[PDB]
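What follows is a set of notes on a single structure, which appears directly below.
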Amino acid sequence: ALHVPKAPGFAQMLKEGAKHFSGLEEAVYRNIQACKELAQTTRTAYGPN
Amino acid sequence: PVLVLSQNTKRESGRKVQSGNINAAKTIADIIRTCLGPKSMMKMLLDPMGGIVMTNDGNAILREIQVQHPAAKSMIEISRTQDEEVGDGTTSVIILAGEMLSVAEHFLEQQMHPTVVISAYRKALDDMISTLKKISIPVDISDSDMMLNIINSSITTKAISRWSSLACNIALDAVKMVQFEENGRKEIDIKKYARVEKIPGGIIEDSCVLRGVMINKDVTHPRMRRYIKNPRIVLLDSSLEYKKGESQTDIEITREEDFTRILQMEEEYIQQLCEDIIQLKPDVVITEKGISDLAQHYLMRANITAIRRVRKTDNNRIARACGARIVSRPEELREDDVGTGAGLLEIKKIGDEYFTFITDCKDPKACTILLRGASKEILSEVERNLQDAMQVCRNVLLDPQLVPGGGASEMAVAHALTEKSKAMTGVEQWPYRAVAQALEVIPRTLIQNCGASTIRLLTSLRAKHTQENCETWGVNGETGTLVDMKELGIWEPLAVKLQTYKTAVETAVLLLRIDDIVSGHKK
Amino acid sequence: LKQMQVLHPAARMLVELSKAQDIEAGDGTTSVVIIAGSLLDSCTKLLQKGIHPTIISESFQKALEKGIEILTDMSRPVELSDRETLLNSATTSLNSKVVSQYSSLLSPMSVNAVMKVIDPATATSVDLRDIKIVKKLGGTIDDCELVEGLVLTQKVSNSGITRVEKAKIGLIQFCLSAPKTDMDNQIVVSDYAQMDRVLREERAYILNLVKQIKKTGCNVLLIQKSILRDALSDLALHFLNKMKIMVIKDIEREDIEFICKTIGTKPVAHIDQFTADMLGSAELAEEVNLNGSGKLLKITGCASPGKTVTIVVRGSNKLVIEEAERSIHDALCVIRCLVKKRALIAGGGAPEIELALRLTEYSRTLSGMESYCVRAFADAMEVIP
Amino acid sequence: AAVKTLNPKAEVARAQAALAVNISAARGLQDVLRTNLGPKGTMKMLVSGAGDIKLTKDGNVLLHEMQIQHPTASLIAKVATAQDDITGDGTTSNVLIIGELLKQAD
Amino acid sequence: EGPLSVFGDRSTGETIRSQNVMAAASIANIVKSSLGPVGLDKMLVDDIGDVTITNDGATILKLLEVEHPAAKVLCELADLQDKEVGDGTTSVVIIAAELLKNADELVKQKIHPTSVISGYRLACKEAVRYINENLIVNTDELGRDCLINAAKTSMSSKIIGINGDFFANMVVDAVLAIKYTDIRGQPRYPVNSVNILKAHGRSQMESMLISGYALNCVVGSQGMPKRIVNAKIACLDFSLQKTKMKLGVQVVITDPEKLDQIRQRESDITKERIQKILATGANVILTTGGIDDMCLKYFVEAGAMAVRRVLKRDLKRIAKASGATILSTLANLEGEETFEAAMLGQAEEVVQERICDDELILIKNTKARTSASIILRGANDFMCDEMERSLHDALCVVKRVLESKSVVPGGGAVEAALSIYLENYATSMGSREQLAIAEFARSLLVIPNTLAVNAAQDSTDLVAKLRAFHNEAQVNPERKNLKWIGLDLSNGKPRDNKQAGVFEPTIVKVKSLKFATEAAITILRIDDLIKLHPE
Amino acid sequence: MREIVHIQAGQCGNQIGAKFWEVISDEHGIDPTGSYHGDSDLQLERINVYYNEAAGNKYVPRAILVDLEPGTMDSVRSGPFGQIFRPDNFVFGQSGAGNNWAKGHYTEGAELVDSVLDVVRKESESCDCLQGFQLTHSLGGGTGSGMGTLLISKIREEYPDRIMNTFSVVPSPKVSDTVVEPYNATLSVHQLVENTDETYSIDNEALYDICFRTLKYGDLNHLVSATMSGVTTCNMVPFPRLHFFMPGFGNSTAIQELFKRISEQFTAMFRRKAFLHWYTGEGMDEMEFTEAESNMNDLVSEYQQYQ
Ligand SMILES: Nc1ncnc2c1ncn2[C@@H]1O[C@H](COP(=O)(O)OP(=O)(O)O)[C@@H](O)[C@H]1O
Ligand SMILES: Nc1ncnc2c1ncn2[C@@H]1O[C@H](COP(=O)(O)OP(=O)(O)O)[C@@H](O)[C@H]1O
Ligand SMILES: Nc1ncnc2c1ncn2[C@@H]1O[C@H](COP(=O)(O)OP(=O)(O)O)[C@@H](O)[C@H]1O
Ligand SMILES: [Mg+2]
Ligand SMILES: [Mg+2]
Ligand SMILES: [Mg+2]
Ligand SMILES: [Mg+2]
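If you read the sequences in order, they're chains A, B, C, D, E and F.
To convert, count from 1 in the first sequence and add 1; that's full-length UniProt numbering.
To convert, count from 1 in the second sequence and add 5; that's full-length UniProt numbering.
To convert, count from 1 in the third sequence and add 77; that's full-length UniProt numbering.
To convert, count from 1 in the fourth sequence and add 1; that's full-length UniProt numbering.
To convert, count from 1 in the fifth sequence and add 1; that's full-length UniProt numbering.
full-length UniProt numbering puts the sixth sequence at residues 1 to 216, 222 to 239, 256 to 270, 369 to 426.
Printed below as a string of structure tokens:
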């Protein structure tokens with residue numbers, strides 16, 4: 002008992018290098034975090050200063 | 006290559022480091038966020054030893070998971086700290102620390118200095134302590150029903166909730182028996198003198214706390230009795246064998262009779278030891294070291310039952326339980342060192358193993374909790390829950406102050422802090438009020454894990470706690486409704502909630518002070 | 078040169094040359110290498126001109142003899158009583174080193190040290206092993222000190238006894254522990270009484286030893302280092318401490334002659350010969366702490382301070398401490414040169430320039446093919462200025 | 002996920018995944034052990050890595066000898082081991098009732 | 002390359018000088034962010050996941066793995082400052098690096114390094130003199146709030162900063178408790194004799210000052226008592242075990258009748274020693290060595306508290322504090338074995354106290370001297386270790402303040418005053434040494450500059466205001482009280498730090514300056530580098 | 001001449017043992033079947049103390065082989081000289097037992113000792129006069145730690161008057177080899193000091209260095230066997262507690376180094392209580408670790424008594 006197997010269904014049928022995110026945590030919050038990182042990359046260029 | 010520091014030394018600094026620490030902390034929090042409250046769900050952890058850990062305990066989970074981020078390491082360490090100190094709140098503390106760091110991230114992005122945030126956090130911590138001590142209530146620890154309700158209010162959130170009455174009675178009996186005073190120093194050591202023995206099989210409903218102790222042992226010789234109705238017990242740290250001397254005691258034989266004389270001298274030494282023991286007229290003899298077969302012969306001739314190789318901890322528990330004193334030289338044996346107080350020694354077969362019971366003691370200052378159940382995993386979880394229960398009982402017997410649960414205390418303190426913040430005119434009022442609103446995460450989490458409407462319920466609750474005598478109002482973790490804790494019965498130990506708040510706030514302070522990570526350098 | 082692992086044979090030979098100069102004079106180890114390199118760089122063009130290496134060598138020997146004449150003529154005699162001249166020599170030697178802002182401190186020390194380890198009226202040389210240098214991290218180079226007494230890095234074994242006034246000191250080359258013959262020895266016990274008897278007689282032996290030590294008036298005890306046997310048993314330390322005797326063990330078998338030369342003690346190897354005439358009287362013996370940067374045992378004041386001194390070198394870094402030690406050694410060696418040869422010469426490239434000039438004249442007078450080589454020698458010596 | 006941001010080489014089965022995994026393993030054990038039950042059951046042969054032969058119809062023996070590395074299977078094997086240590090019989094029926102409870106709950 | 006046959010690389014001239022300055026700058030930029038009340042702590046991971054939180058510059062530079070020798074020099078500088086002072090380990094590194102920077106700028110402008118070194122030495126001497134003559138305040142004139150203010154100043158920038166109001170009280174009480182006067186009647190404050198224990202658990206404010214001593218040990222047997230009131234204490238430096246004859250002693254029996262008595266004597270020897278010890282009244286027995294179970298049983302039956310494997314230094318301190326005599330042997334000048342009650346120590350209580358999940362021993366109210374221990378309580382071992390380091394810094398600072406009764410103001414006050422005075426004083430000393438002294442002065446400003454930068458304030462404006470105040474102080478004899486003005490980093494405005502309570506021991510600044518100057522001189526003296534290829 | 005039974009536990013033990021039982025077999029002429037394909041009579045002179053001749057002149061060795069995981073004993077059967085052993089002296093469980101000392105020394109593989117003990121009796125009965133036992137195991141690692149000390153223990157209870165000569169693979173200093181090795185080794189030394197009569201500390205680090213010197222995983226089991234025969238092919258232990266040895270070509372006090380290392384890594388981990396929940400939740404009290412530590416400071420001080 003040292004390995005968690007992929008759950009039956011979509012997790013097993015998924016292709017090799019493909020990724021699947023679902024729910025607020027795996028999808029929504031990670032998207033919001035990415036967009037926030039982007040805004041941070043471009044924030045310091047806003048305005049005359 | 007002309008470097009100044011060794012390759013592999015990577016140094017990060019600044020708001021990236023701060024946000025990384027805060028994200029690692031709140032990730033550790035999100036790991037166990039759902040393990041809080043009465044309607045939590047189990048998690049199946051896979052040990053590196055092929056084992057399994059099925060639990061709801063925040064510290065169990067964080068102890069079984071492995072991380073590499075130093076902020077996550079620090080959070081796991083504070084969970085361990087909370088568990089070792091009070092033995093409960095191991096996930097409430099994690100969640101509170103995560104929420105405090107989360108709300109501090111805001112002020113950090115807005116150019117506020119971490120030292121300013123930290124000073125505000127410390128002010129807020131002091132005021133939290135004040136408010137908890139103000140809203141606390143006392144307890145008559147002589148009220149067994151009150152103590153049983155406290156223990157139910159502490160184990161209801163765990164798997165043993167199905168056997169709540171049983172587990173509460175077990176924990177209360179165990180702690181009240183382990184309560185011990187000597188030379189004016191009260192001591193509840195429920196780690197050395199309250200023992201949990203898990204025997205898989207049977208049914209949990211027959212689990213019990215013994216008025217005595219239990220060890221996994223059999224008689225050394227099957228002619229020895231296995232049932233004694235008022236045993237006088239002797240405990241020894243020394244081997245009843247003939248062992249060598251500490252010096253180079255080499256012998257030199259030239260005469261014929263000398264070899265046999267030496268072997269007979271060994272036998273006579275064993276005889277003399279056994280006579281020094283028999284002189285006290287005991288019924289049972291228990292050793293941490295071996296017992297030679299000739300010694301067994303002499304003891305049996307004296308009608309004594311012997312147990313050969315017991316652990317030092319088990320021997321100390323037998324001492325505390327039966328009223329004996331461990332000896333190391335049977336010549337130095339005294340009636341005061343003999344163990345009277347045990348009411349029955351029994352050696353019965355549980356499954357295919359022989360277990361020695363020294364139960365029916367009178368005034369036993371040590372105990373063995375015999376847990377029975379479906380499997381080693383179920384019994385490990387039951388044992389952890391019972392550890393929680395006993396630690397809560399101990400915390401109560403030490404500090405008899407209670408505070409209301411169900412998030413009622415969190416909301417009361419948040420309201421008190423918001424009210425106190427109106428006199429603050431500097432720039433720290435904002436982080437102060439922020440930790441105040443960051444305390445709401447406990448009732449928020451309770452509502453989330455019961456499956457009710459967080460927005461609506463938390464609004465109704467924040468509104469209830471704005472009235473005058475409503476600091477006891479909280480939430481049900483089983484229905485998703487607001488209730489009065491005076492009517493529900495979920496009351497936590499003030500010591501537990503104080504340690505929770507203190508550890509959370511100090512962890513936040515530490516991780517806020519942290520900047521400029523460095524790594525790679527080898528000890 | 079010794080530290081940079083040069084590989085070419087000629088470079089190795091220049092290293093050996095610098096070491097020889099360090100031996101004979103202790104100062105000039107850079108000038109000598111530069112002079113050698115320059116003479117060879119001149120041999121370059123001589124060889125190209127087509128002169129034989131043997132002719133070059135002989136003409137260089139001639140120029141060398143003439144240059145010795147010139148330098149001797151330039152020189153002026155010096156009396157070791159001329160403390161200002163000695164101070165000026167030491168300052169000159171130190172001007173080149175990292176310790177030159179502290180020259181005001183390390184020149185008078187470098188002169189006192191040498192003038193304390195020689196009879197200035199008869200001395201024709203000095204053994205700088207009589208001058209002990211003790212590098213201790215911490216402080217700054219302005220904390221360097223000249224201790225007239227004795228300094229030891231060995232720690233004191235007694236707790237509570239760190240300072241002793243009117244100190245009588247004894248060196249102990251025997252071991253204060255259970256007796257052990259040089260032959261294989263055992264103690265065979267066959268009765269229970271003999272065990273207690275053995276312990277008791279061991280106690281009594283050790284106690285008799287420490288009592289014979291105390292009876293002389295000794296209050297400071299330096300015990301030589303002893304492998305193959307315990308030089309200071311726990312019983313012996315207990316008894317000495319109870320008798321209020323400071324004890325310093327682990328003295329090294331090479332520091333013994335120095336310690337004796339310093340504090341007039343005579344090393345005792347048998348307890349029978351440990352008497353009062355074998356001690357050394359010191360006005361103070363103290364274990365001094367250096368601002369948490371270590372400890373030092375200073376035996377200061379002596380009724381028989383025989384031609385020995387110690388210099389404690391302080392510093393903020395190991396590197397600067399090592400270079401302070403080397404520079405102070407250079408100053409001591411300059412004073413040693415003055416002791417050996419009572420003659421003084423100006424600096425600032427004046428001798429090299431005079432050499433260039435007078436050997437140019439000598440070359441003009443020595444018409445031949447040696448003239449080219451002597452002129453090369455002169456222009457080579459013109460490189461130091 | 003959350004655990005995988007801290008320990009990247011971490012395996013996780015959440016909410017529905019966890020339940021599917023556990024119920025699937027339980028039903029697999031039940032599918033193997035269904036044939037042991039009763040006198041009309043079939044004997045299984047079990048060959049060690051050395052080649053030693055075991056003929057058994059016993060649920061606990063079959064469990065411990067099967068070649069399985071599943072956490073739910075380990076849990077149920079432990080429950081069966083306790084059943085066997087205390088009562089000596091009931092391991093096959095134990096596994097069957099566990100599997101069928103899990104199925105009827107799914 | 003080809004002529005010189007050394008088997009290695011060679012840097013020479015401006016190349017190696019710039020390289021050395023780069024190394025020193027690297028080391029200083031590591032620690033610059035951890036300077037002053039607005040500095041922040043650092044994580045350090047030791048290649049295995051071992052984490053260390055710290056603000057201590059000496060600790061940081063010890064934990065780092067530095068490869069360049071010119072940076073190892075600054076690491077040793079911080080270590081030496083920590084050894085000799087106990088505070089200033091970051092400021093000294095920053096100042097040494099800045100001195101190196103400016104001195105290399107001068108050497109690039111082709112001022113000779115000897116001249117730069119002379120100017121630095123002159124400026125160091127004159128800065129020390131000016132401090133000692135104009136910038137010191139007497140702790141006698143200030144009282145005990147001076148000590149409290151110095152402790153709070155040291156604790157600012159640490160994780161016990163805001164809690165300084167209470168930690169300073171603890172530190173001062175502890176140092177005054179371990180105060181002792183010896184022969185020569187000089188007052189000595191031997192810190193490192195205050196014991197500091199760490200135990201995660203209760204909040205920081207719950208840390209405890211023990212009037213007495215705290216021992217990270219426990220009783221040897223669970224049957225022994227765990228509290229004793231009128232504790233008579235016996236400190237032993239020998240082991241209490243079954244006696245074995247020494248190496249050069251053998252038992253050779255030729256009459257079997259002696260074996261029994263010999264074997265029993267092997268234990269009766271220790272039994273007799275223990276009985277002799279207990280006969281005097283000793284109920285507490287501390288031992289550096291071990292204690293067999295046979296012996297622990299004797300202690301249990303006597304009702305005594307025995308402790309084994311105690312540490313030699315803990316034992317020495319307990320002995321000094323309680324009035325006991327550490328015995329390595331029970332042996333007198335009469336060739337016997339005895340134990341006198343005068344060799345015992347005393348204490349109003351000895352208890353085994355339950356600290357969250359561990360247990361320790363507390364020796365309370367020892368007579369013949371007062372001692373002090375501190376149990377630090379935080380959220381985890383990282384916090385507790387940083388608290389220990391901060392408290393050690395504060396204890397060393399208070400010790401220095403009590404030894405030398407002079408303090409100086411903080412917040413860059415001393416550095417601003419020195420910058421002003423030395424930029425005015427350089428005009429008198431040579432022409433190139435003048436430039437060197439001016440650069441020393443300007444370098445000194447790196448402390449308030451860094452303080453303001455960390456406070457996230459306009460360093461330029463703030464340091465200009467500071468220098469204006471101090472110039473007014475040095476040119477107007479009616480406003481000499483402006484010397485005490487320095488930075489207030491919570492508001493970004495100068496402030497009278499002598500009235501605000503921001504004090505530092507004079508020795509801190511003096512030794513910092515001297516050590517930084519020596520480090521700068523040694524590194525500046527280097528104009529070549531030969532790095533030999535390893536073998 | 002009295003007979004010596006040889007138990008070998010754990011992977012390390014089961015893989016030193018086979019190599020020893022091969023070296024000696026070739027030192028005696030016994031082939032894999034067991035037939036004495038030898039000529040000299042000195043091979044048969046002292047062959048009764050190691051081999052238990054059966055009918056048919058097949059010399060079966062007096063060796064037991066134990067491990068909680070069968071896959072090592074399978075590799076021993078399949079290996080070389082893996083057929084002289086008695087097909088019933090192979091005692092194995094089904095649980096791997098990881099590398100937890102508590103797992104191997106407690107109910108999680110405790111019944112097995114009762115299967116290795118009815119093979120020790122069935123192997124001593126054949127012996128006319130049983131000299132004693134030789135257990136080969138690993139101080140800390142897999143089962144050899146736990147199961148190797150519950151064996152020394154139960155065999156010192158069942159035969160408490162016989163020589164117990166252990167060969168233990170002390171952990172190498174550089175290589176941690178496991179996260180719980182400090183615990184397993186202090187817990188095992190705490191049993192071997194009491195229940196053993198002579199212990200030979202075979203350091204993997206030093207053995208690996210010796211193999212590298214010879215060159216100028223199997224190589225270590227081939228460089229430990231020649232030492233095991235130079236110890237068991239033909256005035257020690259003056260004090261009955263300093264019975265730890267370092268072989269070579369030694370009752371050296373260099374053991375004190377290894378012990379200092381082990382006890383300082385034990386104390387480092389015990390301070391933070393790291394990897395302790397497993398032991399407490401599987402059958403140890405938090406005080407057995409304090410006892411183990413105390414007893415290792417004991418050992419280190421007994422060994423420090425000389426120098
Ligand atoms: N029946 C209940 N209804 C509502 N809240 C509860 C109930 N039982 C316990 N709680 C609250 O849940 C909180 C946490 O419970 P528990 O899970 O035992 O602690 P932790 O979250 O630290 O593990 C406690 O503060 C308690 O007030
Ligand atoms: N203050 C000074 N003014 C001029 N020349 C000096 C001064 N100090 C030393 N010198 C010259 O420097 C030379 C010594 O330099 P140094 O680095 O010691 O080389 P060496 O090691 O070869 O003696 C001497 O020739 C001396 O004339
Ligand atoms: N409250 C304060 N206000 C302004 N400056 C302070 C304050 N406390 C300390 N400082 C300054 O911080 C500097 C040292 O900070 P820190 O890095 O904590 O000490 P160290 O130099 O020992 O590392 C000192 O030069 C002092 O002037
Ligand atoms: Mg709880
Ligand atoms: Mg010179
Ligand atoms: Mg059946
Ligand atoms: Mg500081």
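Cβ coordinates follow ideal geometry from the N, Cα and C atoms, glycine included.
Query	Result
Any chain B beta carbon closer than 7 Å to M1/F	no
Terminal residues of the alpha helix (DSSP H) in which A59/E lies	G58 to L64
Distance, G92/B Cα to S414/B Cα	19 Å
CB contact flag (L286/C, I208/C, <7 Å)	no
Of the listed residues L350/B, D145/B, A76/B and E202/B, nearest to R230/B (C-alpha basis)	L350/B
Ranges of the beta strand (DSSP E) found wholly within the region 238–309 of chain B, counting only runs of at least 3	238–241 and 289–292
Proximity of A178/E and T371/E at Cβ, strictly below 7 Å	yes
Chain A residues whose Cβ lies nearer than 8 Å to that of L51/B	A2, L3, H4 and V5
Residue-chain proximity (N381/E, chain B), Cβ-Cβ < 7 Å	yes
Any non-hydrogen atom of ligand 2 closer than 6 Å to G431/E Cβ	no
Cβ-Cβ separation, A439/B to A419/B (assumed contact under 8 Å), whole Å	Going by Cβ atoms, the distance from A419/B to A439/B rounds to 11 Å, so no, they are not a contact pair.
C-beta atoms of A176/B and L41/B nearer than 7 Å	no
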